[PDB]
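J.: got a structure for you, letters missing:
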């Protein structure tokens, strides 16, 4: 209250106010990198250069990537499935291990058809049935 | 580069033809933007007729 | 026989262009953000070279209006609460073209002001050769640049902005091609895939510019030390341990393939430093590297007066301009706090000096690291008020960094005059 309490004969108050100049936390040595990553295929890449929010990679290159919608619909020679039409690789990059010749066969729908058989066909127990023993 | 482009420096001078079909000598016709326009390269990008051969070198080659 | 398909199907798109273009442009991104230090936050900005080519070439004579310049200088470095950048990294390869020369002229125009040494790489097209390995055949690049083909380039080396560009030579192998016995594709828990080959032979299976490890050492030379002395030489900075080599069995017995694009010799390490290039030289077989030279593209000159000659030798040196830059990030950053406080010529010389004082010595500490804590040797700071403007000042510092080793000649000889007691007449 600004009106202020009436002063007694022995007014004790206890000062709790402290002045001083606030501190400043250190600056992380930032490193900017500039290169054609998306080739023109990302949320921040498809936008005009006047407004491209720079990333940070707080987490890692695995998640800062997935943050960008990096997909691609490029054609490729077909050697799987029936009917015409060249194989159309179409899936968005999540991690950096996506270019691994393995995560590809898991992503591309057509190739996965052959990998699906290798789970069932190759798992034929011709060792449990052949091993009859009376 | 830009004080040039500020001036409408074009030219419609004739030249020997070795591209496309039909008669009529090749007519170089385009305005100078930068000083690198006289570069034997920016010319092939500007002259419509020559660009026809450069277009194949992108696909054919 | 389903393996025969997959070994053809997948191998059709891994070898495909565009697909492996992203690989190159992400593998070398992962390479930078692999270390992860205590206080070194990297950051990305995916932009096509053309989208910047058009930018600087349109605003070369008006850089303050450049869009990029407005995303590094006036955006984070200039603004109050903004966090400034430090040492940009150009993931591109620059030729001797009169277009890509502007690209550096512009980026350097920014770096110069934003105070952020722009590191990049140069294509094999620079030396006018179609295979970078064939640069070893050139005797001295010093005599090369005298050729009138580099006229445009020699002009750029004279610019002030070039003292912030730092171009690297050589490209490290960033991925080992896929063999079953070597670097097997990690298949799934049932889908047999490890039996899977690729298709390469001579020299065409993914590369990445040395600039990465260069910057990825500047980061290292910050978490450990604090300044940028620790990015040169073997014992000191650039060592780059454990690179992705390659091995292959053509007919012999697994003939190893050096991780580096080119096996620079000794006088190559030097004969490049004079051109204003940063060679990424390899130790033969050791599967490692090191940066001996870390020079900017600035001309070294020569001069008659000894002092002047030494000036130009230190200015061309990138590692110092990295450090001197860190003082700018101190002034335009910290003194902003006391912008309204009443201060004097004798007070600003206090605040600015009391800081830098903890980083200047003459005595040498054991080991390189324990001494690289101290970049500078000695500093002067003579600020002084100007007439007219009462609250304004004008500083003028001058720093002499700890001069690095760079080489030495030596003449051995049998004197037989040192100990005359054995060869003298009197006996």
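T.: Done, it's in. Numbers count the residues shown, from 1 in each chain, chains lettered A, B, ... in the order given.

J.: only C-alpha atoms from now on, for both contacts and neighbour counts.
T.: Will do.

J.: which residues touch the residue in the stretch 251-400 of chain C positioned nearest to chain A?
T.: Proximity of the stretch 251-400 of chain C to chain A (CA to the nearest CA) peaks at residue C:334, 8.9 Å away. Residue C:334 makes contact with no residue, according to CA atoms under 8 Å, 6 or more residues apart in numbering or on different chains.

J.: quick check: residue C:19 touching residue C:10?
T.: No - counting by CA atoms under 8 Å, residue C:19 does not reach residue C:10; the two are 11.6 Å apart.

J.: neighbour count: the two, which is higher?
T.: Neighbours per residue, other CA atoms under 10 Å in any protein chain shown: of residue C:19 and residue C:10, the larger number sits with residue C:10, 23 against 15.

J.: hang on, the more buried one is in a helix, isn't it?
T.: Yes - counting by DSSP: H, G, I helix; E, B strand; the rest coil, residue C:10 is part of a helix.

J.: for residue A:105, see how far away it is.
T.: Separation of residue C:10 from residue A:105 (CA to CA, to the nearest Å): 7 Å.

J.: shared neighbours, those two?
T.: Jointly contacting residue C:10 and residue A:105 under the rule CA under 8 Å, 6+ apart are residue A:111.

J.: how distant is the helix or strand encompassing residue C:349 from the center of its chain?
T.: Assessed by DSSP states H and E, residue C:349 sits inside helix C:345-356. Relative to the centre of its chain, helix C:345-356 is centred 32 Å away, using CA atoms, centre = their mean, to the nearest Å.

J.: residues contacting that helix, please?
T.: Residues from elsewhere that reach helix C:345-356, judged by CA under 8 Å, 6+ apart: C:331, C:381-385, C:393.

J.: likewise stretch C:52-67?
T.: A:49-50, C:68-70, C:99-100, C:102-103, C:106-107, C:109-110.

J.: again, 7 Å this time
T.: Under the contact criterion CA atoms under 7 Å, 6 or more residues apart in numbering or on different chains, stretch C:52-67 has outside partners A:49-50, C:69, C:102-103, C:106.

J.: repeat that for stretch C:376-385.
T.: Stretch C:376-385 is contacted by residues C:345, C:349, C:359-362, C:392-402 when judged by CA under 7 Å, 6+ apart.

J.: span of it from start to end?
T.: Start-to-end span of stretch C:376-385 (CA to CA) is 26 Å.

J.: buried ones in it, by neighbour count?
T.: Within stretch C:376-385, the residues scored as buried using 16 or more other CA atoms under 10 Å in any protein chain shown are C:376, C:378-379, C:383-384.

J.: and what of stretch C:29-43?
T.: C:29, C:32-33, C:36, C:40-43.

J.: and residue A:31, helix, strand or coil?
T.: What three-state DSSP gives for residue A:31 is strand.

J.: which residues does the residue lying closest to it once chain neighbours are set aside contact?
T.: Leaving aside its chain neighbours, residue A:31 sits nearest to residue C:42 (4.4 Å; criterion: CA to CA, 6 or more residues apart in numbering or on different chains). Contact analysis of residue C:42 by CA under 7 Å, 6+ apart lists A:30-32, A:56-57.

J.: tabulate those in TSV, adding columns for neighbour count.
T.: Formatted as TSV, the contacts of residue C:42 follow (neighbours: other CA atoms under 10 Å in any protein chain shown):
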residue	neighbour count
A:30	20
A:31	23
A:32	23
A:56	17
A:57	17
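
J.: residue A:112: which of those residues is nearest?
T.: residue A:57 (31.8 Å; CA to CA).

J.: just give the nearest non-adjacent residue to the closest one, would you?
T.: residue A:64 (5.5 Å).

J.: circling back: can you pick out the most distant pair from the contacts of helix C:345-356?
T.: Spatially, the most separated pair among the contacts of helix C:345-356 is C:331 and C:385, at 16.7 Å (CA to CA).

J.: which single helix of the chain contains the most residues?
T.: In the absence of a named chain, this looks at chain A. Longest helix of chain A, by residue count under DSSP state H: helix A:112-120.

J.: please go with chain C instead
T.: Longest helix in chain C, counting by DSSP H: helix C:318-334.

J.: centre of the chain to that one, how far?
T.: What separates the centre of helix C:318-334 from the centre of its chain is 16 Å, taken as CA atoms, centre = their mean.

J.: what ranges do the helices span in chain A?
T.: A:63-66, A:103-107, A:112-120.

J.: which parts of the last one are buried?
T.: In this case it means helix A:112-120. Buried residues in helix A:112-120, defined by neighbour count with 16+ other CA under 10 Å: A:112, A:114-115, A:118.

J.: follow-up on the earlier one: as TSV, the contacts of stretch C:52-67 with distance to residue A:26 would be great.
T.: Converted to TSV, the contacts of stretch C:52-67 look like this (distance: CA to CA, whole Å):
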residue	distance to residue A:26
A:49	30
A:50	29
C:69	24
C:102	35
C:103	33
C:106	30
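
J.: of the residues you listed, buried ones?
T.: So, by 16+ other CA under 10 Å, the buried ones in these are A:49, C:69, C:102-103, C:106.

J.: just give me the closest of these to residue C:185.
T.: After measuring the buried ones among the contacts of stretch C:52-67 against residue C:185 - CA to CA - the closest member comes out as residue A:49, at 38.3 Å.

J.: gap between that closest one and chain C?
T.: 7 Å (CA to the nearest CA, to the nearest Å).

J.: in strands, which of the buried residues of stretch C:29-43 fall?
T.: If you go by DSSP state E, the buried residues of stretch C:29-43 have C:42-43 in strands.

J.: nearest to residue C:210 among the buried residues of stretch C:29-43?
T.: Distances from residue C:210 to the buried residues of stretch C:29-43, taken by CA to CA, are shortest for residue C:32, at 11.0 Å.

J.: please name the nearest non-neighbouring residue to that closest one.
T.: residue C:216 (5.6 Å).

J.: what about residue C:182, how many residues nearby?
T.: Neighbour tally, residue C:182, other CA under 10 Å: 15.

J.: now do the strands in the stretch 151-300 of chain C.
T.: Secondary structure of the stretch 151-300 of chain C by DSSP state E, counting those that start in this stretch: the strands cover C:166-169, C:171-172, C:208-209, C:246-248, C:255-257, C:277-279, C:281-283, C:288-290.

J.: now the helix or strand hosting residue C:380 against helix C:345-356, angle please.
T.: Using DSSP H and E, residue C:380 falls within strand C:376-381. For strand C:376-381 against helix C:345-356, the angle by axes from the mean of the first three to the mean of the last three CA atoms, to 10 degrees is 170 degrees.

J.: and strand C:376-381, how far out from the chain middle?
T.: For strand C:376-381 - counting by CA atoms, centre = their mean - the centre lies 25 Å from the chain centre.

J.: next secondary structure after that strand?
T.: Scanning onward from strand C:376-381 (DSSP H and E), the first element met is strand C:384-385.

J.: run me through the strand neighbours of that following strand, direction for each.
T.: Looking at strand C:384-385 with DSSP bridges, its partner strands are strand C:393-394 (antiparallel).

J.: who's in contact with the partner strand?
T.: C:383-386.

J.: chain C contacts on chain A?
T.: Counting by CA under 7 Å from any CA of the partner chain, chain A comes close to chain C at A:27-39, A:45, A:49-50, A:54-57, A:61, A:76-77, A:79, A:99, A:101-102, A:114-115, A:118-119.

J.: what about those, which are in strands?
T.: A:31-34, A:76.

J.: and residue C:123, how close does it get to chain A?
T.: Distance, residue C:123 to chain A, using CA to the nearest CA: 15 Å.

J.: one more: residue C:85?
T.: 5 Å.

J.: OK, contacts around that residue?
T.: Listed by CA under 7 Å, 6+ apart, the contact partners of residue C:85 are A:30-32, C:72, C:77, C:116.

J.: hmm, 8 Å instead?
T.: Applying CA under 8 Å, 6+ apart, the residues near residue C:85 are A:29-32, C:72, C:76-77, C:114, C:116.
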